[PDB]
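K.L.:
Pasting a structure here, questions to come.
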Amino acid sequence: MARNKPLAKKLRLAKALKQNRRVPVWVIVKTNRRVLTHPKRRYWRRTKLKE
Amino acid sequence: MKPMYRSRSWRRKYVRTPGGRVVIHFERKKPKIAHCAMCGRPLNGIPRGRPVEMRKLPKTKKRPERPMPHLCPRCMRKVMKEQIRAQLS
Amino acid sequence: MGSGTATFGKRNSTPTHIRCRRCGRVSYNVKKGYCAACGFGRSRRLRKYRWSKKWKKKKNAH
Amino acid sequence: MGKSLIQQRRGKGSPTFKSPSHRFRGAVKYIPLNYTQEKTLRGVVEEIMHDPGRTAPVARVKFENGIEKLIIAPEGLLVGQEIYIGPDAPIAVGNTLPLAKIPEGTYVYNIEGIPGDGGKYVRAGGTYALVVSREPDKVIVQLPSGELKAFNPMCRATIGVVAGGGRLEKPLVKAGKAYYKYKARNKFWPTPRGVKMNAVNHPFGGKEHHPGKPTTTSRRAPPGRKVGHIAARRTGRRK
Amino acid sequence: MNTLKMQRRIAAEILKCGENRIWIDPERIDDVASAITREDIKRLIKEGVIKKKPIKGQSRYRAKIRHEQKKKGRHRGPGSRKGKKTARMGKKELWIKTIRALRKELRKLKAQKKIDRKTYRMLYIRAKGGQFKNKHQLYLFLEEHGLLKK
RNA sequence: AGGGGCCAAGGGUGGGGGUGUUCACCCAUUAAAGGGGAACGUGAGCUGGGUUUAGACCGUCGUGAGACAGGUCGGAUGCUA
RNA sequence: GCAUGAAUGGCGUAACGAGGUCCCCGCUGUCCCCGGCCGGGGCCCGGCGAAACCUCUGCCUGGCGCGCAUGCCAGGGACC
RNA sequence: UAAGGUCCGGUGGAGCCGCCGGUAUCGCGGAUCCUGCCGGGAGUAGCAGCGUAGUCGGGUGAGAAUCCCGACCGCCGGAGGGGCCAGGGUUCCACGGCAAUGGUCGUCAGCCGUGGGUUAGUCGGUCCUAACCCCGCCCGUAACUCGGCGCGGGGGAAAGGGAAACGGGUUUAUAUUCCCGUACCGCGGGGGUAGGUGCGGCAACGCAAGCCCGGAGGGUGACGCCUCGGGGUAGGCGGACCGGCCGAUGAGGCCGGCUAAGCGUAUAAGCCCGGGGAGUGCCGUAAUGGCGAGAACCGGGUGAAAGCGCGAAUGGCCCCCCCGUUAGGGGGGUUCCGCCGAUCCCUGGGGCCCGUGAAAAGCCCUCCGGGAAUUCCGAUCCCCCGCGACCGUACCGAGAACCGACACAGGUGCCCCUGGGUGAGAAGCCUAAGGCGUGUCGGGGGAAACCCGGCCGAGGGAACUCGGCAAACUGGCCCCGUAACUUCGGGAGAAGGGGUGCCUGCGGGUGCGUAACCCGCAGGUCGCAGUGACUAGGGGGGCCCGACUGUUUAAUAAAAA
RNA sequence: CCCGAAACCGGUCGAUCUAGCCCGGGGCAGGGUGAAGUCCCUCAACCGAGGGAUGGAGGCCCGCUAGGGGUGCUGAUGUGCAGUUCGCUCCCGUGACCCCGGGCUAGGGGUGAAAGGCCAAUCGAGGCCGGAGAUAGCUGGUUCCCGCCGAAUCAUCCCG
RNA sequence: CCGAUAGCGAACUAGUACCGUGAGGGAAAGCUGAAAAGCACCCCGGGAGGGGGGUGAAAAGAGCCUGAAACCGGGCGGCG
RNA sequence: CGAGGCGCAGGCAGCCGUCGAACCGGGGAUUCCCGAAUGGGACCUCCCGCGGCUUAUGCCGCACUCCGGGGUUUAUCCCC
């Protein structure tokens with residue numbers, strides 16, 4: 001099917017997805033150069049996981 | 001559908017939509033012949049149907065009128081001869 | 001098994017190891033029902049050892 | 001030194017050496033809670049089946065107190081034969097009675113060794129025990145090996161012979177058909193020889209075909225060294 | 001920018017035809033570019049800017065002439081043949097065919113009264129036993145006997 | 001037509017049959033079918049049959065593991081200067 | 001029989017084998033003896049772009065020397 | 001002497017010396033040192049080898065061989081296409097871009113940025129239980145997060161078992177789920193009537209079921225192997241009619257012509273039942289074979305698929321003639337007859353056996369019936385009111401989303417295995433639906449040497465070499481004929497020899513009436529060659545070893561082991 | 001002084017690789033040969049003889065069906081496409097066959113049609129951690145300068 | 001005592017990124033300036049790229065204090 | 001403590017605070033799911049047997065294993 005996620009696993013996948021953003025520009029102003037790179041960036045292909 | 005392998009509950013009829021899409025459907029397996037069991041013979045006046053279908057169908061099909069619908073009339077043809085001999089003595 | 005490693009390796013596909021209900025590391029082996037890291041399923045206790053492993057992360061945390 | 005041997009694996013009860021118990025069929029019980037004396041008990045052959053792991057045919061019997069149990073099938077049984085259990089069972093084939101109640105010089109099988117333990121003796125295809133002599137003290141019965149064991153007279157047994165004779169009269173034919181039989185039973189196979197097994201694998205025999213030390217082994221020899229002709233009294237076929 | 005890659009897939013589902021069959025007018029690329037919706041694609045279908053190629057069919061002429069010729073006993077000499085003898089015609093299958101008529105034949109005759117209950121047994125039984133070639137032969141052999149002929 | 005000796009390397013000094021064979025044995029030719037050296041010329045050229053891996057067999061030896069320049073089948077030939 | 005031999009199996013064997021060895025017929029560039037062709041590389045251009053490894057370097061021959069030298073010694077060749 | 005000290009200039013823009021006494025994780029050239037940074041190699045190799053693909057106009061943009069549109073030229077054809085399990089995890093979809101990423105460019109994208117999307121009473125999970133597992137308890141152990149038994153309970157298949165649903169429509173993205181239509185599960189009411197808790201028929205048997213808590217029992221759930229035959233229809237193709245098209249001549253060809261799940265009413269070989277009564281004993285099947293424990297033969301009954309109608313004038317195909325910057329539309333007509341040939345699917349026989357081939361949930365029946373019954377009762381019959389606890393659904397599923405660090409020529413399950421031509425064929429080639437030209441770097445030198453794939457070589461016919469290794473030859477099919485040996489089964493497709501095309505005209509078989517195929521025969525005739533292509537065994541003999549088939553050092557040894 | 005290996009041992013962690021064992025499923029174009037079994041005709045008193053049919057078995061054959069294996073080319077590659085690949089050729093291809101999912105067996109243990117093979121790029125005893133900075137008579141290295149003196153490479157003993 | 005190739009695994013986004021089926025293994029990554037004035041306005045450029053002018057001082061102009069060596073371009077001297 | 005704050009984190013925007021914030025101490029409220037995880041199983045989710053209560057949804061309290069005491073058909077079964 002689907003497969004075939006468990007509800008929770010989708011919660012976890014969703015979280016990893018959240019971590020896989022790019023910071024916003026304004027924080028960056030607030031910082032005035034700065035913590036960047038966002039360090040977690042996870043690529044779907046590039047990386048695994050956990051499950 | 002979700003079953004791919006041609007497993008037993010899987011088995012297939014071709015179905016047409018008019019869309020001309022032509023999609024595969026599963027079919028329910030075709031009926032095994034209930035036995036007398038007291039002597040092995042397929043039973044007259046006893047249905048064939050799919051074991052699910054018998055739930056939502058009629059009971060008339062599921063028996064003959066004579067006692068022990070499960071066994072054949074001739075095997076009952078033994079059993080009464082015995083029952084009386086048993087009441088007599 | 002030896003070489004021809006590319007030819008071989010279609011399993012791993014199946015998973016036997018996860019984020020654990022108890023610890024959260026990547027070792028709750030679905031098949032055994034045992035976490036390699038924490039020891040959940042196997043024991044009431046957390047896995048901890050003289051060598052250690054578990055301890056090392058904790059000290060490191062301090 | 002070398003690994004545990006082929007026999008030592010067996011003993012573990014590990015699964016290559018574990019009998020299936022889920023494709024295999026019932027065991028014999030005669031049941032002594034309704035006793036032999038003050039009998040009550042006849043039954044009807046409900047069906048006859050082949051038991052895979054006995055390599056013999058076996059009977060399901062429907063008793064008239066309402067219990068269903070298997071009894072090892074006699075030759076020349078019909079489905080709807082009545083089998084009786086007790087001493088006041090008729091003296092005929094397939095009927096079960098105590099040894100004392102059974103005549104001398106009649107063929108008998110399924111003999112008890114402790115009264116009321118359900119048959120622990122003569123339960124193979126086509127072979128049979130002979131009642132040679134009977135005395136109220138002890139009844140001596142002659143076993144399939146030619147060898148006489150004394151049993152209590154209040155053991156049960158069934159009159160007749162076992163069914164499924166000729167069993168080794170027909171051959172096994174090929175390695176395929178044989179493979180098929182061993183799955184039906186349990187018997188570690190294909191089984192090779194120790195002689196071209198390496199010195200690690202097995203106590204006797206090296207790289208090439210020749211035995212190490214003598215094949216013939218002690219009766220006080222170790223586990224894992226008790227292979228070959230075990231405690232052989234003689235060997236060969238000559239003076 | 002200017003997609004159009006989806007718009008083709010979408011058009012494909014509305015038209016219920018293959019992607020490869022879609023014809024977009026070359027003069028009207030700009031108009032299809034501004035097509036975002038299916039409803040737009042549907043407009044463009046009516047205006048004749050989005051069309052379907054015709055589905056081909058392989059010609060059977062060449063088959064037909066062969067089929068007629070093979071129906072007529074031709075193109076089947078020892079030099080066109082590719083399978084072994086039984087292969088064209090299954091030796092069990094033909095026989096399975098052969099015997100049923102010999103039996104129908106006798107059966108027809110059983111109702112007609114021509115042959116007594118007394119000949120038929122020998123004949124029917126003879127048919128299982130392969131004496132008859134068949135229809136012509138059965139007719140001949142009984143005719144020789146006399147009882148058929150009556 | 002030889003035997004034996006001197007000068008002389010300019011040129012020539014082969015083809016096959018057995019053998020893993022350098023050697024050697026033989027055949028028919030040939031004018032003659034010479035010898036030796038070059039990492040026992042020549043594997044960042046080939047070939048890889050043999051010698052001396054890991055599989056196996058026989059004989060001998062050895063209690064046995066196991067061995068043999070005894071016999072024997074099989075057993076990879078890397079690199080962009 | 002340097003140093004065979006009977007269930008540490010002897011002998012023999014139809015059928016069978018991507019097994020070892022030998023012969024014959026057909027066939028055939030394996031060979032006498034190589035040519036031409038074709039397509040992909042090679043080779044050039046444009047864009048893209050690594051590695052192995054790295055004391056140095058225009059030698060050759062002899063002698064010597066750790067006895068198997070571009071570099072010592074003596075000649076010769078020597079423009080990049 | 002020197003280890004090292006000191007001064008000037010430039011740079012730099014806050015800390016720093018000397019002496020004396022102390023102290024040490026105290027001085028670096030090597031450690032196939034360790035780490036970090038960097039050059040040559042190179043602007044070289046790779047960006048080729050596998051069935052070798054693009055190309056012209058035009059659109060867009062700063063920039064176009066590789067983005068898009070059309071035309072034109074190809075590959076693919078059980079897959080380079082379609083649907084999916086695992087697994088991945090937003091890769092999906094839209095808009096805006098190109099610094100990086102993509103074996104090259106890039107205006108594209110799977111990258112970057114920013115937004116958005118997976119909706120379920122009737123699909124599956126969930127339930128059952130398997131092989132098997134765990135827990136408590138009993139016990140062991142010095143003891144346990146250890147250990148096997150015996151009890152008692154609980155768990156165990158997203159391809160077993162199993163309640164019930166399809167079609168059409170719509171979305172940028174989802175849909176059997178949202179919508180529309182039609183259908184229906186479970187439970188819970190209500191209202192009627194069969195029902196003095198069913199009437200009516202000799203019988204083989206009739207449906208508008210059988211009041212009821214309870215437990216019991218019994219069938220069906222329910223299972224190994226392979227033929228053959230019987231049925232179903234997905235569906236391939238000729239003829240005829242209706243439109244669309246292409247078009248020397250206006251022919252022939254291409255194309256659209258469809259009917260769902262759910263119901264109602266019908267299934268019928270198996271299998272029973274009456275009548276009758278086995279004469280040299282008869283009869284049947286494709287076949288083995290049945291019969292006096294009921295034949296031959298006549299009437300019945302009885303249980304898979306299948307047809308028709310409902311579902312459905314619809315809807316969905318297919319055209320025509322008008323409205324136009326546009327939007328939203330309108331009116332029309334066709335939407336058909338047969339006969340014929342097939343995978344599979346379902347149903348009987350039958351052959352097999354030193355595998356004799358799990359359970360239960362659930363149904364259906366029956367035994368008993370705790371009680372309620374005549375002011376009655378009950379609802380399997382109808383019809384009708386209400387409701388649906390929970391998780392999953394995107395996309396991919398692959399010679400770029402999996403796994404191999406790589407978008408790796410690898411290799412991992414199913415299903416479409418019956419598209420047309422071919423031909424024994426799920427074979428090759430070609431070709432249709434469908435997909436693609438991103439198995440992602442281009443261009444040039446007629447391109448010489450050399451190297452890989454491959455083609456052809458006179459004469460000679462293994463002289464090569466350890467060795468005919470490699471390669472060649474035979475070749476499909478039909479006919480003839482067929483040795484030694486032999487475990488009589490085989491050897492054997494021995495060997496060797498002949499034939500095979502097209503056309504024109506016949507005959508046979510099966511059937512029904514000229515269908516659908518198949519098997520022969522004669523004449524005429526062309527080529528070098530008729531399996532002309534593709535497909536497609538070289539043969540023969542002695543000897544050694546091992547009986548064979550199988551297995552073996554997964555990855556230098558497949559053998560005699 | 002510093003570094004340097006093959007071990008050994010103790011406690012742990014793997015059967016998603018792979019081996020066998022078990023449950024429950026699935027896959028395998030087409031073609032050949034033709035056994036038992038059964039039938040008939042003609043000819044014979046019988047003994048049998050000749051012919052033809054029907055049926056359909058096989059650890060069976062052919063086969064580049066799918067799928068499994070991997071013989072030769074000692075070819076192509078050999079800083080690969082690939083840490084075990086490619087094409088032709090070749091073996092098997094209804095089976096002692098292949099395959100999926102579940103489930104079992106763990107390190108002197110398992111498993112093995114048994115090669116010392118296999119048990120997750122690691123097997124004549126896996127991996128991880130600890131003992132552990134093991135210890136080696138053995139290789140390599142051991143860094144500022146200057147001044148002064150300046151060797152022995154012999155003897156006896158020693159599992160040396 | 002050490003002082004960012006050092007000292008705690010880790011001066012920080014650390015037990016992170018990442019590896020491994022798992023047990024377990026495991027980095028690197030500190031410095032603007034007085035003030036952010038963190039680059040307006042003007043010229044150029046397809047241009048988010050880059051150059052001139054604009055700060056006490058930009059070898060203080062965005063991992064921005066200093067700013068070595070290897071090494072790379074150009075230029076000067078010399079050789080060629 | 002007391003006159004600015006709104007964590008690391010200098011942005012933009014807006015906000016709060018004398019009826020005294022931020023902050024510090026003490027006390028209190030809320031404190032998901034999994035976890036010894038205790039009703040049962042699980043791949044961090046799901047199902048279920050009682051009893052209380054609101055008309056219903058909602059909501060509140062409970063049933064693994066010892067010891068101590070009860071209840072009763074003394075089912076060793078259930079309750080504090």
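For the structure tokens, the naming scheme is as follows: chains receive sequential letters (A, B, ...) according to their order of presentation, residues are indexed from 1 within each chain, and ligands are indexed from 1 in presentation order.
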Quick one: which residues from chain C are at most 6 Å off chain I, using only C-alpha atoms (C1' of nucleotides), as a list in words?
P.N.:
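Here is what falls inside 6 Å: residues 3, 4, 11, 12, 14 and 51 of chain C.
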K.L.:
Neighbouring residues of region 39-51 of chain F were defined as those with any atom within 9 Å, considering only C-alpha atoms (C1' of nucleotides); residues of the same chain fewer than 2 positions away were excluded. Please report them as JSON, numbers by chain.
P.N.:
{"F": [20, 21, 37, 69, 77, 79], "G": [68], "H": [466, 467], "I": [74]}
K.L.:
Find the distance between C1' of residue 4 (chain K) and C1' of residue 22 (chain K) and write it in Å to one decimal.
P.N.:
7.8 Å
K.L.:
With a distance threshold of 12 Å and counting only C-alpha atoms, extract the residues of chain B near chain D and express them as a ChimeraX atom specification.
P.N.:
/B:37-39
K.L.:
Which of region 7-197 of chain D counts as alpha helix (DSSP H) under DSSP, as a PyMOL selection string please?
P.N.:
chain D and resi 7-10+175-184
K.L.:
Using only C-alpha atoms (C1' of nucleotides), which protein or nucleic acid residues come within 12 Å of residue 145 (chain E)? Drop anything in the same chain fewer than 3 positions from it, and give the result as a PyMOL selection string.
P.N.:
chain E and resi 115+119+122-123+138-142+148-150
K.L.:
What residues in chain B have any atom no more than 9 Å from chain H when counting only C-alpha atoms (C1' of nucleotides), and can you write them as a VMD selection string?
P.N.:
chain B and resid 1 to 7 11 to 20 29 to 37 41 to 49 51 to 52 54 to 55 58 to 63 67 to 74
K.L.:
Take the residues that were just selected and, keeping N, CA and C atoms, output them as a compact mmCIF listing (two decimals), in the first residue's frame.
P.N.:
```txt
# COMPACT_ATOMS: atom_id res chain seq x y z
N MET B 1 -6.07 -4.88 -7.26
CA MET B 1 -6.17 -4.20 -5.94
C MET B 1 -4.88 -4.38 -5.25
N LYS B 2 -4.90 -4.27 -3.89
CA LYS B 2 -3.81 -4.32 -2.92
C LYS B 2 -3.21 -5.71 -2.94
N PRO B 3 -3.92 -6.92 -3.04
CA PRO B 3 -3.36 -8.14 -3.41
C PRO B 3 -2.85 -8.14 -4.79
N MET B 4 -1.55 -8.36 -4.91
CA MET B 4 -1.07 -8.68 -6.23
C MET B 4 -1.04 -10.15 -6.62
N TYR B 5 -0.62 -11.05 -5.70
CA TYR B 5 -0.27 -12.42 -6.05
C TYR B 5 -1.58 -13.07 -6.32
N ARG B 6 -1.72 -14.10 -7.18
CA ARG B 6 -2.99 -14.77 -7.38
C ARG B 6 -3.11 -15.87 -6.39
N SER B 7 -3.48 -15.41 -5.19
CA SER B 7 -3.61 -16.11 -3.97
C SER B 7 -4.98 -16.72 -4.03
N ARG B 11 -8.36 -13.96 -6.98
CA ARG B 11 -8.63 -14.70 -8.12
C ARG B 11 -9.37 -13.64 -8.79
N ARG B 12 -9.66 -13.72 -10.09
CA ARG B 12 -9.95 -12.45 -10.70
C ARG B 12 -11.00 -12.63 -11.69
N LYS B 13 -11.85 -11.60 -11.81
CA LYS B 13 -12.67 -11.44 -12.96
C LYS B 13 -12.19 -10.16 -13.52
N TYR B 14 -12.34 -10.02 -14.89
CA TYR B 14 -12.09 -8.80 -15.57
C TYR B 14 -13.40 -8.04 -15.43
N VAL B 15 -13.30 -6.76 -15.22
CA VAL B 15 -14.33 -5.84 -14.98
C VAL B 15 -14.02 -4.81 -15.89
N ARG B 16 -15.09 -4.22 -16.40
CA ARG B 16 -15.04 -3.15 -17.36
C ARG B 16 -15.65 -2.06 -16.63
N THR B 17 -14.94 -0.91 -16.69
CA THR B 17 -15.82 0.22 -16.54
C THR B 17 -16.07 0.42 -18.01
N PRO B 18 -17.12 1.20 -18.26
CA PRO B 18 -17.47 1.78 -19.52
C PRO B 18 -16.54 2.81 -20.03
N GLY B 19 -15.67 3.37 -19.16
CA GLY B 19 -14.60 4.40 -19.13
C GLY B 19 -13.59 3.83 -20.03
N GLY B 20 -13.63 2.45 -20.01
CA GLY B 20 -12.96 1.55 -20.86
C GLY B 20 -11.75 1.33 -20.13
N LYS B 29 -14.08 -17.30 -3.72
CA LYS B 29 -13.92 -18.62 -4.29
C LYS B 29 -15.27 -19.30 -4.36
N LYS B 30 -15.30 -20.28 -5.29
CA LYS B 30 -16.50 -20.95 -5.74
C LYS B 30 -16.60 -22.22 -4.90
N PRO B 31 -17.90 -22.60 -4.71
CA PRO B 31 -18.35 -23.29 -3.52
C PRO B 31 -17.94 -24.70 -3.41
N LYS B 32 -17.46 -25.14 -2.20
CA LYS B 32 -17.19 -26.55 -2.04
C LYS B 32 -18.44 -27.22 -1.55
N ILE B 33 -18.64 -28.46 -2.02
CA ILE B 33 -19.74 -29.30 -1.94
C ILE B 33 -19.84 -29.92 -0.50
N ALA B 34 -20.85 -29.42 0.29
CA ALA B 34 -21.11 -29.99 1.62
C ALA B 34 -21.42 -31.41 1.57
N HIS B 35 -20.99 -32.20 2.54
CA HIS B 35 -21.15 -33.66 2.51
C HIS B 35 -22.13 -34.06 3.50
N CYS B 36 -22.63 -35.27 3.30
CA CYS B 36 -23.46 -36.08 4.18
C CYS B 36 -22.72 -36.39 5.45
N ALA B 37 -21.43 -36.82 5.33
CA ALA B 37 -20.45 -37.12 6.29
C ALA B 37 -20.66 -38.49 6.98
N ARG B 41 -21.29 -38.25 0.31
CA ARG B 41 -22.05 -37.96 -0.91
C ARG B 41 -22.38 -36.50 -0.77
N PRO B 42 -22.25 -35.68 -1.79
CA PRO B 42 -22.83 -34.34 -1.88
C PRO B 42 -24.33 -34.40 -1.76
N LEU B 43 -24.90 -33.50 -0.99
CA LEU B 43 -26.23 -33.55 -0.48
C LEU B 43 -27.18 -32.81 -1.36
N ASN B 44 -28.30 -33.48 -1.72
CA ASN B 44 -29.35 -32.82 -2.49
C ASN B 44 -30.08 -31.91 -1.55
N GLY B 45 -30.52 -30.76 -2.07
CA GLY B 45 -31.33 -29.80 -1.39
C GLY B 45 -30.63 -28.97 -0.38
N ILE B 46 -29.29 -28.98 -0.50
CA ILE B 46 -28.26 -28.36 0.33
C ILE B 46 -27.62 -27.50 -0.65
N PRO B 47 -27.36 -26.27 -0.32
CA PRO B 47 -26.86 -25.33 -1.23
C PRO B 47 -25.40 -25.59 -1.59
N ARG B 48 -24.91 -24.64 -2.35
CA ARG B 48 -23.54 -24.31 -2.63
C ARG B 48 -23.70 -22.85 -2.60
N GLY B 49 -22.70 -22.25 -1.97
CA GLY B 49 -22.57 -20.83 -1.89
C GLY B 49 -21.39 -20.72 -1.13
N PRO B 51 -18.99 -19.01 1.79
CA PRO B 51 -19.34 -19.25 3.22
C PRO B 51 -19.79 -18.00 3.89
N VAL B 52 -19.48 -16.87 3.31
CA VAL B 52 -19.93 -15.56 3.68
C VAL B 52 -21.38 -15.29 3.26
N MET B 54 -23.90 -17.34 2.59
CA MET B 54 -24.86 -18.11 3.35
C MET B 54 -25.41 -17.28 4.53
N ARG B 55 -24.58 -16.32 5.08
CA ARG B 55 -25.07 -15.47 6.16
C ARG B 55 -26.23 -14.63 5.71
N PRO B 58 -30.84 -17.42 2.29
CA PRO B 58 -31.93 -17.98 3.08
C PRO B 58 -31.52 -19.37 3.43
N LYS B 59 -32.08 -19.78 4.54
CA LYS B 59 -31.95 -20.95 5.38
C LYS B 59 -32.50 -22.21 4.69
N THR B 60 -33.47 -22.07 3.72
CA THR B 60 -34.28 -23.04 2.93
C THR B 60 -33.27 -23.76 2.11
N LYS B 61 -32.37 -22.93 1.58
CA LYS B 61 -31.25 -23.39 0.74
C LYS B 61 -30.38 -24.26 1.59
N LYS B 62 -30.14 -23.82 2.89
CA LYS B 62 -29.24 -24.42 3.84
C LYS B 62 -29.79 -25.73 4.35
N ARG B 63 -31.13 -26.05 4.25
CA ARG B 63 -31.58 -27.41 4.53
C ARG B 63 -32.68 -28.05 3.64
N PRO B 67 -35.57 -34.60 8.95
CA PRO B 67 -34.66 -34.46 10.12
C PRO B 67 -33.30 -34.73 9.64
N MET B 68 -32.33 -34.21 10.40
CA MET B 68 -30.90 -34.10 10.11
C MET B 68 -30.70 -33.69 8.68
N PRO B 69 -30.91 -32.45 8.31
CA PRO B 69 -30.62 -31.99 6.99
C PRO B 69 -29.16 -32.24 6.58
N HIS B 70 -28.28 -32.42 7.57
CA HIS B 70 -26.88 -32.61 7.29
C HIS B 70 -26.60 -33.91 6.60
N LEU B 71 -27.32 -34.97 6.92
CA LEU B 71 -27.06 -36.19 6.26
C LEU B 71 -28.04 -36.44 5.16
N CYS B 72 -27.75 -37.37 4.22
CA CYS B 72 -28.51 -37.77 3.04
C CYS B 72 -29.73 -38.57 3.42
N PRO B 73 -30.77 -38.54 2.62
CA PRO B 73 -32.07 -39.16 3.03
C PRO B 73 -31.96 -40.62 3.24
N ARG B 74 -31.07 -41.36 2.48
CA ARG B 74 -30.79 -42.79 2.52
C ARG B 74 -30.00 -43.17 3.75
```
K.L.:
Which polymer residues have any atom within 10 Å of an atom of region 21-23 of chain C, counting only C-alpha atoms (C1' of nucleotides), with same-chain residues fewer than 2 positions away left out, as a list in words?
P.N.:
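Final neighbour list, sorted by chain and number: residues 18, 19, 25, 26, 27, 28, 35, 37, 38, 39, 40, 41 and 46 of chain C; 33, 34, 35, 43 and 44 of chain K.
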K.L.:
Write out as an MDAnalysis selection string the residues lying within 8 Å of residue 21 (chain I), counting only C-alpha atoms (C1' of nucleotides) and excluding same-chain residues fewer than 4 positions away.
P.N.:
(chainID D and resid 15:17) or (chainID I and resid 104)
K.L.:
Those selected residues, please, written with C-alpha atoms (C1' of nucleotides) and delivered as a PDB file, in the first residue's frame.
P.N.:
```pdb
ATOM      1  CA  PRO D  15      15.406 -27.025  15.320  1.00  0.00           C
ATOM      2  CA  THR D  16      17.223 -28.843  12.468  1.00  0.00           C
ATOM      3  CA  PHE D  17      17.097 -31.768  14.978  1.00  0.00           C
TER       4      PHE D  17
ATOM      5  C1'   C I 104      14.096 -21.019  15.098  1.00  0.00           C
TER       6        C I 104
END
```
K.L.:
Considering only strand (DSSP E) as DSSP defines it on the backbone, what residues of region 20-213 of chain D qualify? List them as a ChimeraX atom specification.
P.N.:
/D:41-51,56-63,68-72,82-85,96-98,107-109,129-134,139-142,148-151,156-159
K.L.:
Keeping only C-alpha atoms, write the selected residues to a file as a compact mmCIF listing (two decimals), in the first residue's frame.
P.N.:
```txt
# COMPACT_ATOMS: atom_id res chain seq x y z
CA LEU D 41 -16.20 -49.40 27.47
CA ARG D 42 -16.63 -50.09 23.77
CA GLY D 43 -15.94 -47.76 20.85
CA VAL D 44 -16.38 -47.38 17.05
CA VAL D 45 -13.51 -46.82 14.43
CA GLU D 46 -14.39 -43.22 13.56
CA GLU D 47 -11.85 -42.97 10.69
CA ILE D 48 -8.43 -44.31 9.70
CA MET D 49 -5.54 -42.00 8.92
CA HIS D 50 -1.80 -42.32 8.18
CA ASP D 51 0.37 -40.94 11.02
CA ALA D 56 2.44 -46.64 9.95
CA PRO D 57 -1.38 -46.22 9.73
CA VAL D 58 -3.29 -45.24 12.92
CA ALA D 59 -7.02 -45.35 13.92
CA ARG D 60 -9.28 -42.76 15.43
CA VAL D 61 -11.60 -44.35 17.87
CA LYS D 62 -14.77 -42.75 19.33
CA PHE D 63 -15.46 -44.14 22.74
CA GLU D 68 -11.93 -39.42 21.39
CA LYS D 69 -8.45 -41.09 21.24
CA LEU D 70 -6.23 -42.85 18.83
CA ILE D 71 -5.35 -46.50 19.07
CA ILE D 72 -2.59 -47.93 16.65
CA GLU D 82 -16.15 -52.16 17.21
CA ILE D 83 -13.16 -52.24 19.50
CA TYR D 84 -13.63 -53.07 23.14
CA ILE D 85 -11.42 -52.31 26.04
CA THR D 96 -8.01 -55.04 24.02
CA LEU D 97 -7.77 -57.05 27.17
CA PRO D 98 -5.22 -57.97 29.88
CA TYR D 107 -0.08 -62.95 18.53
CA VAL D 108 -0.50 -59.61 20.45
CA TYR D 109 0.71 -55.95 20.18
CA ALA D 129 4.92 -59.94 19.94
CA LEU D 130 4.08 -63.60 20.79
CA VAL D 131 2.76 -64.79 24.06
CA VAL D 132 5.00 -67.82 24.66
CA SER D 133 4.18 -68.65 28.30
CA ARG D 134 1.76 -67.34 30.97
CA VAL D 139 3.57 -63.35 31.86
CA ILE D 140 6.63 -63.62 29.63
CA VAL D 141 6.15 -62.13 26.06
CA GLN D 142 8.52 -62.49 23.21
CA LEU D 148 11.91 -62.39 26.22
CA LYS D 149 10.74 -59.60 28.75
CA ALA D 150 8.66 -60.27 31.72
CA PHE D 151 5.67 -58.08 32.23
CA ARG D 156 -3.27 -54.38 28.58
CA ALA D 157 -2.67 -55.47 25.03
CA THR D 158 -4.57 -55.82 21.76
CA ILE D 159 -5.07 -59.05 19.92
```
